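Source file: target06.pdb; contents: PDB, C-alpha atoms and all ligand atoms.
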ATOM      1  CA  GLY A  12      -6.891   9.398 -10.293  1.00  0.00           C
ATOM      2  CA  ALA A  13      -5.643   8.811  -6.761  1.00  0.00           C
ATOM      3  CA  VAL A  14      -5.602  10.675  -3.464  1.00  0.00           C
ATOM      4  CA  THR A  15      -3.275  10.042  -0.533  1.00  0.00           C
ATOM      5  CA  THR A  16      -2.821  11.086   3.085  1.00  0.00           C
ATOM      6  CA  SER A  17      -0.038  11.280   5.677  1.00  0.00           C
ATOM      7  CA  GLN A  18      -2.396   9.788   8.287  1.00  0.00           C
ATOM      8  CA  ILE A  19      -2.139   6.296   6.778  1.00  0.00           C
ATOM      9  CA  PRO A  20       1.075   4.465   5.840  1.00  0.00           C
ATOM     10  CA  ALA A  21       1.908   4.954   2.157  1.00  0.00           C
ATOM     11  CA  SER A  22       2.107   1.207   1.499  1.00  0.00           C
ATOM     12  CA  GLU A  23      -1.361   0.638   2.935  1.00  0.00           C
ATOM     13  CA  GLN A  24      -2.753   3.037   0.335  1.00  0.00           C
ATOM     14  CA  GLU A  25      -1.376   0.724  -2.368  1.00  0.00           C
ATOM     15  CA  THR A  26      -3.401  -2.230  -1.027  1.00  0.00           C
ATOM     16  CA  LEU A  27      -5.186  -4.081  -3.874  1.00  0.00           C
ATOM     17  CA  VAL A  28      -8.912  -4.512  -3.310  1.00  0.00           C
ATOM     18  CA  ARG A  29     -12.022  -5.824  -5.062  1.00  0.00           C
ATOM     19  CA  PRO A  30     -15.046  -3.697  -4.139  1.00  0.00           C
ATOM     20  CA  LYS A  31     -18.245  -5.480  -3.252  1.00  0.00           C
ATOM     21  CA  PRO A  32     -21.268  -4.551  -5.422  1.00  0.00           C
ATOM     22  CA  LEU A  33     -22.420  -1.282  -3.776  1.00  0.00           C
ATOM     23  CA  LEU A  34     -18.950   0.198  -3.510  1.00  0.00           C
ATOM     24  CA  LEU A  35     -18.228  -0.884  -7.093  1.00  0.00           C
ATOM     25  CA  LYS A  36     -21.405   0.804  -8.366  1.00  0.00           C
ATOM     26  CA  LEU A  37     -20.462   4.102  -6.734  1.00  0.00           C
ATOM     27  CA  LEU A  38     -17.036   4.074  -8.353  1.00  0.00           C
ATOM     28  CA  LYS A  39     -18.350   3.176 -11.809  1.00  0.00           C
ATOM     29  CA  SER A  40     -20.876   6.032 -11.645  1.00  0.00           C
ATOM     30  CA  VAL A  41     -17.981   8.500 -11.787  1.00  0.00           C
ATOM     31  CA  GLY A  42     -16.094   6.760 -14.573  1.00  0.00           C
ATOM     32  CA  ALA A  43     -14.261   3.799 -13.032  1.00  0.00           C
ATOM     33  CA  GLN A  44     -13.918   0.914 -15.496  1.00  0.00           C
ATOM     34  CA  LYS A  45     -12.382  -1.950 -13.487  1.00  0.00           C
ATOM     35  CA  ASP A  46     -13.077  -4.503 -10.742  1.00  0.00           C
ATOM     36  CA  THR A  47      -9.756  -4.257  -8.885  1.00  0.00           C
ATOM     37  CA  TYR A  48      -8.254  -1.056  -7.455  1.00  0.00           C
ATOM     38  CA  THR A  49      -5.628   0.300  -5.095  1.00  0.00           C
ATOM     39  CA  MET A  50      -7.022   1.991  -1.975  1.00  0.00           C
ATOM     40  CA  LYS A  51      -5.780   5.429  -3.084  1.00  0.00           C
ATOM     41  CA  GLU A  52      -7.823   4.965  -6.291  1.00  0.00           C
ATOM     42  CA  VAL A  53     -10.889   4.015  -4.263  1.00  0.00           C
ATOM     43  CA  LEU A  54     -10.435   7.181  -2.186  1.00  0.00           C
ATOM     44  CA  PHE A  55     -10.183   9.294  -5.369  1.00  0.00           C
ATOM     45  CA  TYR A  56     -13.349   7.885  -6.926  1.00  0.00           C
ATOM     46  CA  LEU A  57     -15.265   8.069  -3.638  1.00  0.00           C
ATOM     47  CA  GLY A  58     -14.163  11.676  -3.338  1.00  0.00           C
ATOM     48  CA  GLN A  59     -15.483  12.291  -6.863  1.00  0.00           C
ATOM     49  CA  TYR A  60     -18.727  10.572  -5.942  1.00  0.00           C
ATOM     50  CA  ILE A  61     -19.085  12.770  -2.843  1.00  0.00           C
ATOM     51  CA  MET A  62     -18.581  15.979  -4.797  1.00  0.00           C
ATOM     52  CA  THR A  63     -20.796  14.908  -7.720  1.00  0.00           C
ATOM     53  CA  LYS A  64     -23.618  14.027  -5.315  1.00  0.00           C
ATOM     54  CA  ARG A  65     -23.185  17.371  -3.505  1.00  0.00           C
ATOM     55  CA  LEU A  66     -22.512  15.718  -0.143  1.00  0.00           C
ATOM     56  CA  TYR A  67     -19.740  18.145   0.858  1.00  0.00           C
ATOM     57  CA  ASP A  68     -20.867  21.704   0.051  1.00  0.00           C
ATOM     58  CA  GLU A  69     -19.746  23.223   3.357  1.00  0.00           C
ATOM     59  CA  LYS A  70     -16.002  23.213   2.808  1.00  0.00           C
ATOM     60  CA  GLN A  71     -15.205  24.937   6.100  1.00  0.00           C
ATOM     61  CA  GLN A  72     -16.837  22.391   8.413  1.00  0.00           C
ATOM     62  CA  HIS A  73     -15.292  19.041   7.371  1.00  0.00           C
ATOM     63  CA  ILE A  74     -18.444  16.998   8.033  1.00  0.00           C
ATOM     64  CA  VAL A  75     -19.975  14.920   5.249  1.00  0.00           C
ATOM     65  CA  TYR A  76     -23.677  14.222   5.719  1.00  0.00           C
ATOM     66  CA  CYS A  77     -24.729  11.044   3.924  1.00  0.00           C
ATOM     67  CA  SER A  78     -27.664   9.680   5.934  1.00  0.00           C
ATOM     68  CA  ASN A  79     -29.936   9.723   2.874  1.00  0.00           C
ATOM     69  CA  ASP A  80     -27.412   8.718   0.231  1.00  0.00           C
ATOM     70  CA  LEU A  81     -26.118   5.298  -0.804  1.00  0.00           C
ATOM     71  CA  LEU A  82     -22.875   6.332   0.917  1.00  0.00           C
ATOM     72  CA  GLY A  83     -24.668   6.364   4.256  1.00  0.00           C
ATOM     73  CA  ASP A  84     -25.818   2.790   3.724  1.00  0.00           C
ATOM     74  CA  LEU A  85     -22.351   1.758   2.558  1.00  0.00           C
ATOM     75  CA  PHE A  86     -20.586   3.164   5.628  1.00  0.00           C
ATOM     76  CA  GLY A  87     -23.331   2.542   8.181  1.00  0.00           C
ATOM     77  CA  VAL A  88     -23.201   6.114   9.509  1.00  0.00           C
ATOM     78  CA  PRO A  89     -25.295   9.295   9.079  1.00  0.00           C
ATOM     79  CA  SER A  90     -22.191  11.472   8.897  1.00  0.00           C
ATOM     80  CA  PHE A  91     -18.423  11.373   9.250  1.00  0.00           C
ATOM     81  CA  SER A  92     -15.469  13.732   9.419  1.00  0.00           C
ATOM     82  CA  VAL A  93     -13.354  14.003   6.277  1.00  0.00           C
ATOM     83  CA  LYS A  94     -10.347  14.500   8.574  1.00  0.00           C
ATOM     84  CA  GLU A  95     -10.550  11.134  10.331  1.00  0.00           C
ATOM     85  CA  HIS A  96      -8.725   9.062   7.755  1.00  0.00           C
ATOM     86  CA  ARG A  97      -8.250   5.848   9.752  1.00  0.00           C
ATOM     87  CA  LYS A  98     -11.998   5.775  10.449  1.00  0.00           C
ATOM     88  CA  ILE A  99     -12.680   6.256   6.730  1.00  0.00           C
ATOM     89  CA  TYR A 100     -10.299   3.439   5.790  1.00  0.00           C
ATOM     90  CA  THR A 101     -11.968   1.119   8.315  1.00  0.00           C
ATOM     91  CA  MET A 102     -15.412   1.866   6.861  1.00  0.00           C
ATOM     92  CA  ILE A 103     -14.203   1.233   3.298  1.00  0.00           C
ATOM     93  CA  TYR A 104     -12.512  -2.093   4.193  1.00  0.00           C
ATOM     94  CA  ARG A 105     -15.823  -3.549   5.344  1.00  0.00           C
ATOM     95  CA  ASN A 106     -17.087  -3.144   1.780  1.00  0.00           C
ATOM     96  CA  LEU A 107     -14.455  -4.983  -0.216  1.00  0.00           C
ATOM     97  CA  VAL A 108     -12.266  -8.061  -0.439  1.00  0.00           C
ATOM     98  CA  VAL A 109      -8.538  -7.550   0.021  1.00  0.00           C
ATOM     99  CA  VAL A 110      -6.628  -9.316  -2.743  1.00  0.00           C
TER     100      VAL A 110
HETATM  101  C1  LIG B 201     -10.725  16.833  -4.497  1.00  0.00           C
HETATM  102  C2  LIG B 201      -9.629  16.565  -3.473  1.00  0.00           C
HETATM  103  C3  LIG B 201      -9.194  17.871  -2.808  1.00  0.00           C
HETATM  104  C4  LIG B 201      -8.444  15.909  -4.171  1.00  0.00           C
HETATM  105  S1  LIG B 201     -10.254  15.406  -2.199  1.00  0.00           S
HETATM  106  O1  LIG B 201      -9.173  15.215  -1.175  1.00  0.00           O
HETATM  107  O2  LIG B 201     -10.581  14.084  -2.825  1.00  0.00           O
HETATM  108  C5  LIG B 201     -11.749  16.073  -1.408  1.00  0.00           C
HETATM  109  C6  LIG B 201     -12.325  15.154  -0.308  1.00  0.00           C
HETATM  110  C7  LIG B 201     -13.744  15.614   0.048  1.00  0.00           C
HETATM  111  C8  LIG B 201     -14.845  14.813  -0.631  1.00  0.00           C
HETATM  112  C9  LIG B 201     -14.597  14.662   0.880  1.00  0.00           C
HETATM  113  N1  LIG B 201     -11.345  14.961   0.807  1.00  0.00           N
HETATM  114  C10 LIG B 201     -10.900  16.091   1.519  1.00  0.00           C
HETATM  115  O3  LIG B 201     -11.389  17.202   1.315  1.00  0.00           O
HETATM  116  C11 LIG B 201      -9.776  15.994   2.547  1.00  0.00           C
HETATM  117  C12 LIG B 201      -8.808  17.079   2.074  1.00  0.00           C
HETATM  118  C13 LIG B 201     -10.252  16.388   3.949  1.00  0.00           C
HETATM  119  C14 LIG B 201      -9.174  16.750   4.993  1.00  0.00           C
HETATM  120  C15 LIG B 201      -9.046  18.097   5.329  1.00  0.00           C
HETATM  121  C16 LIG B 201      -8.105  18.497   6.265  1.00  0.00           C
HETATM  122  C17 LIG B 201      -7.324  17.522   6.864  1.00  0.00           C
HETATM  123  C18 LIG B 201      -6.290  17.939   7.909  1.00  0.00           C
HETATM  124  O4  LIG B 201      -6.198  19.160   8.171  1.00  0.00           O
HETATM  125  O5  LIG B 201      -5.634  17.037   8.477  1.00  0.00           O
HETATM  126  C19 LIG B 201      -7.497  16.186   6.505  1.00  0.00           C
HETATM  127  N2  LIG B 201      -8.406  15.831   5.600  1.00  0.00           N
HETATM  128  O6  LIG B 201      -8.997  14.794   2.418  1.00  0.00           O
HETATM  129  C20 LIG B 201      -9.837  13.625   2.374  1.00  0.00           C
HETATM  130  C21 LIG B 201      -9.008  12.322   2.333  1.00  0.00           C
HETATM  131  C22 LIG B 201      -7.891  12.228   1.503  1.00  0.00           C
HETATM  132  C23 LIG B 201      -7.126  11.060   1.452  1.00  0.00           C
HETATM  133  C24 LIG B 201      -7.482   9.968   2.238  1.00  0.00           C
HETATM  134  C25 LIG B 201      -8.598  10.054   3.070  1.00  0.00           C
HETATM  135 CL1  LIG B 201      -9.045   8.695   4.058  1.00  0.00          CL
HETATM  136  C26 LIG B 201      -9.357  11.226   3.120  1.00  0.00           C
HETATM  137  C27 LIG B 201     -10.694  13.651   1.073  1.00  0.00           C
HETATM  138  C28 LIG B 201     -11.661  12.449   1.064  1.00  0.00           C
HETATM  139  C29 LIG B 201     -12.541  12.288   2.130  1.00  0.00           C
HETATM  140  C30 LIG B 201     -13.412  11.205   2.163  1.00  0.00           C
HETATM  141  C31 LIG B 201     -13.387  10.275   1.133  1.00  0.00           C
HETATM  142 CL2  LIG B 201     -14.468   8.923   1.179  1.00  0.00          CL
HETATM  143  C32 LIG B 201     -12.506  10.428   0.069  1.00  0.00           C
HETATM  144  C33 LIG B 201     -11.635  11.513   0.037  1.00  0.00           C
END

Can you turn what I pasted into structure tokens?
Ligand SMILES: CC(C)(C)S(=O)(=O)C[C@H](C1CC1)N1C(=O)[C@@](C)(Cc2ccc(C(=O)O)cn2)O[C@H](c2cccc(Cl)c2)[C@H]1c1ccc(Cl)cc1
Amino acid sequence: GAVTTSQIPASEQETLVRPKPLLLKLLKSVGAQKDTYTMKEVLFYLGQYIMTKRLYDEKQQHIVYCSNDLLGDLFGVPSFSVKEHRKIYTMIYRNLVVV
């Protein structure tokens, strides 16, 4: 229940975080049962959320469109590239408290 990337330092992906209410709701909707997570766990559950909500059907194009989903409100963008991992981390950090 974790996903990692070479674009971000490994240790950063172990950062302990407490999601604020919207982020926490999204994670719990796909089976998360806690209040505190590592970042790589947050990325896993958010990935599961994205696929469950059908926000990434075009696998070849690497754009996620989320303008009309809770995810769009969470991140503050209509769309983002799944390949820009630092940008994704930045957007997630705004929605949690770092322990
Ligand atoms: C089911 C899988 C295959 C394990 S997955 O990795 O969770 C699928 C998701 C998808 C829902 C968006 N996802 C991805 O597909 C991909 C593989 C997209 C991707 C494709 C190619 C390249 C490259 O060539 O450099 C880089 N990144 O990884 C996303 C990811 C993984 C770890 C950390 C981060 Cl920040 C993003 C990663 C992702 C993107 C966004 C978010 Cl919020 C969460 C995970």

*Which residue of A:36, A:65, A:31, A:96 approaches ligand LIG 201 (chain B) most closely, using all atoms listed in the file*: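 Selected residue with least distance to ligand LIG 201 (chain B): A:96.
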
Here's the selection I'm unsure about, the PyMOL selection byres (((not hetatm)) within 7 of (chain B and resi 201)); applied to the file above, which residues does it give, as an mmCIF file with C-alpha atoms, in the coordinates of the input?
data_model
loop_
_atom_site.group_PDB
_atom_site.id
_atom_site.type_symbol
_atom_site.label_atom_id
_atom_site.label_comp_id
_atom_site.auth_asym_id
_atom_site.auth_seq_id
_atom_site.Cartn_x
_atom_site.Cartn_y
_atom_site.Cartn_z
ATOM 1 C CA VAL A 14 -5.602 10.675 -3.464
ATOM 2 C CA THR A 15 -3.275 10.042 -0.533
ATOM 3 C CA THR A 16 -2.821 11.086 3.085
ATOM 4 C CA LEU A 54 -10.435 7.181 -2.186
ATOM 5 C CA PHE A 55 -10.183 9.294 -5.369
ATOM 6 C CA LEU A 57 -15.265 8.069 -3.638
ATOM 7 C CA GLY A 58 -14.163 11.676 -3.338
ATOM 8 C CA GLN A 59 -15.483 12.291 -6.863
ATOM 9 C CA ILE A 61 -19.085 12.770 -2.843
ATOM 10 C CA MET A 62 -18.581 15.979 -4.797
ATOM 11 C CA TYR A 67 -19.740 18.145 0.858
ATOM 12 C CA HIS A 73 -15.292 19.041 7.371
ATOM 13 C CA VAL A 75 -19.975 14.920 5.249
ATOM 14 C CA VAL A 93 -13.354 14.003 6.277
ATOM 15 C CA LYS A 94 -10.347 14.500 8.574
ATOM 16 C CA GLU A 95 -10.550 11.134 10.331
ATOM 17 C CA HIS A 96 -8.725 9.062 7.755
ATOM 18 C CA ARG A 97 -8.250 5.848 9.752
ATOM 19 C CA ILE A 99 -12.680 6.256 6.730
ATOM 20 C CA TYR A 100 -10.299 3.439 5.790
#

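Once the PyMOL selection byres (((chain A and resi 80) around 12) and not hetatm) is applied to this file, the selection holds residues 33, 37, 60, 61, 64, 65, 66, 75, 76, 77, 78, 79, 81, 82, 83, 84, 85, 86, 87, 88, 89 and 90 of chain A.
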
Would you put the residues from that selection into a file with C-alpha atoms, as a JSON list (two decimals), in the coordinates of the input?
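And here is the file that came out, selection-v6.json:
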[["chain", "number", "residue", "atom", "x", "y", "z"],
["A", 33, "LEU", "CA", -22.42, -1.28, -3.78],
["A", 37, "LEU", "CA", -20.46, 4.10, -6.73],
["A", 60, "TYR", "CA", -18.73, 10.57, -5.94],
["A", 61, "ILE", "CA", -19.08, 12.77, -2.84],
["A", 64, "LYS", "CA", -23.62, 14.03, -5.32],
["A", 65, "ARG", "CA", -23.18, 17.37, -3.50],
["A", 66, "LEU", "CA", -22.51, 15.72, -0.14],
["A", 75, "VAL", "CA", -19.98, 14.92, 5.25],
["A", 76, "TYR", "CA", -23.68, 14.22, 5.72],
["A", 77, "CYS", "CA", -24.73, 11.04, 3.92],
["A", 78, "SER", "CA", -27.66, 9.68, 5.93],
["A", 79, "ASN", "CA", -29.94, 9.72, 2.87],
["A", 81, "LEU", "CA", -26.12, 5.30, -0.80],
["A", 82, "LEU", "CA", -22.88, 6.33, 0.92],
["A", 83, "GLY", "CA", -24.67, 6.36, 4.26],
["A", 84, "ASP", "CA", -25.82, 2.79, 3.72],
["A", 85, "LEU", "CA", -22.35, 1.76, 2.56],
["A", 86, "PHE", "CA", -20.59, 3.16, 5.63],
["A", 87, "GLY", "CA", -23.33, 2.54, 8.18],
["A", 88, "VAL", "CA", -23.20, 6.11, 9.51],
["A", 89, "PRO", "CA", -25.30, 9.30, 9.08],
["A", 90, "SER", "CA", -22.19, 11.47, 8.90]]

*Specify as a PyMOL selection string each residue included when the PyMOL selection byres (((chain A and resi 39-49) around 10) and not hetatm) is applied to this file.*
chain A and resi 12-13+23-32+34-38+50-54+56-61+63+107-110

*What gap, in Å, lies between atom CA of residue 91 of chain A and atom CA of residue 22 of chain A?*
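If I compute the distance from atom CA of residue 91 of chain A to atom CA of residue 22 of chain A, I get 24.2 Å.
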
Could you give me segment 51-63 of chain A completed to N, CA, C and O atoms, formatted as an mmCIF file, in the frame of the given file?
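Printed below is part-v7.cif as written:
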data_model
loop_
_atom_site.group_PDB
_atom_site.id
_atom_site.type_symbol
_atom_site.label_atom_id
_atom_site.label_comp_id
_atom_site.auth_asym_id
_atom_site.auth_seq_id
_atom_site.Cartn_x
_atom_site.Cartn_y
_atom_site.Cartn_z
ATOM 1 N N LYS A 51 -5.845 4.010 -2.757
ATOM 2 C CA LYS A 51 -5.780 5.429 -3.084
ATOM 3 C C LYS A 51 -6.678 5.773 -4.280
ATOM 4 O O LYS A 51 -7.173 6.899 -4.386
ATOM 5 N N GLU A 52 -6.904 4.799 -5.162
ATOM 6 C CA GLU A 52 -7.823 4.965 -6.291
ATOM 7 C C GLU A 52 -9.262 4.966 -5.791
ATOM 8 O O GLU A 52 -10.088 5.763 -6.246
ATOM 9 N N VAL A 53 -9.564 4.055 -4.871
ATOM 10 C CA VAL A 53 -10.889 4.015 -4.263
ATOM 11 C C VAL A 53 -11.201 5.351 -3.584
ATOM 12 O O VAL A 53 -12.297 5.892 -3.744
ATOM 13 N N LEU A 54 -10.235 5.894 -2.844
ATOM 14 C CA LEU A 54 -10.435 7.181 -2.186
ATOM 15 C C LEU A 54 -10.680 8.311 -3.195
ATOM 16 O O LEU A 54 -11.525 9.176 -2.960
ATOM 17 N N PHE A 55 -9.955 8.300 -4.318
ATOM 18 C CA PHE A 55 -10.183 9.294 -5.369
ATOM 19 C C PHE A 55 -11.610 9.231 -5.909
ATOM 20 O O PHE A 55 -12.298 10.252 -5.982
ATOM 21 N N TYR A 56 -12.041 8.038 -6.308
ATOM 22 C CA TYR A 56 -13.349 7.885 -6.926
ATOM 23 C C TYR A 56 -14.463 8.177 -5.927
ATOM 24 O O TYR A 56 -15.476 8.773 -6.285
ATOM 25 N N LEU A 57 -14.276 7.775 -4.672
ATOM 26 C CA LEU A 57 -15.265 8.069 -3.638
ATOM 27 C C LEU A 57 -15.340 9.566 -3.377
ATOM 28 O O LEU A 57 -16.415 10.113 -3.129
ATOM 29 N N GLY A 58 -14.191 10.233 -3.441
ATOM 30 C CA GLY A 58 -14.163 11.676 -3.338
ATOM 31 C C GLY A 58 -14.950 12.296 -4.484
ATOM 32 O O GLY A 58 -15.718 13.231 -4.278
ATOM 33 N N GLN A 59 -14.768 11.773 -5.693
ATOM 34 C CA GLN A 59 -15.483 12.291 -6.863
ATOM 35 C C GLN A 59 -16.981 12.063 -6.735
ATOM 36 O O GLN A 59 -17.783 12.909 -7.122
ATOM 37 N N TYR A 60 -17.339 10.904 -6.196
ATOM 38 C CA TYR A 60 -18.727 10.572 -5.942
ATOM 39 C C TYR A 60 -19.338 11.573 -4.960
ATOM 40 O O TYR A 60 -20.414 12.113 -5.203
ATOM 41 N N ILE A 61 -18.630 11.825 -3.861
ATOM 42 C CA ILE A 61 -19.085 12.770 -2.843
ATOM 43 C C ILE A 61 -19.335 14.171 -3.416
ATOM 44 O O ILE A 61 -20.339 14.813 -3.111
ATOM 45 N N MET A 62 -18.419 14.645 -4.254
ATOM 46 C CA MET A 62 -18.581 15.979 -4.797
ATOM 47 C C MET A 62 -19.672 16.030 -5.876
ATOM 48 O O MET A 62 -20.404 17.016 -5.952
ATOM 49 N N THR A 63 -19.797 14.969 -6.667
ATOM 50 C CA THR A 63 -20.796 14.908 -7.720
ATOM 51 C C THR A 63 -22.194 14.861 -7.112
ATOM 52 O O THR A 63 -23.124 15.486 -7.625
#
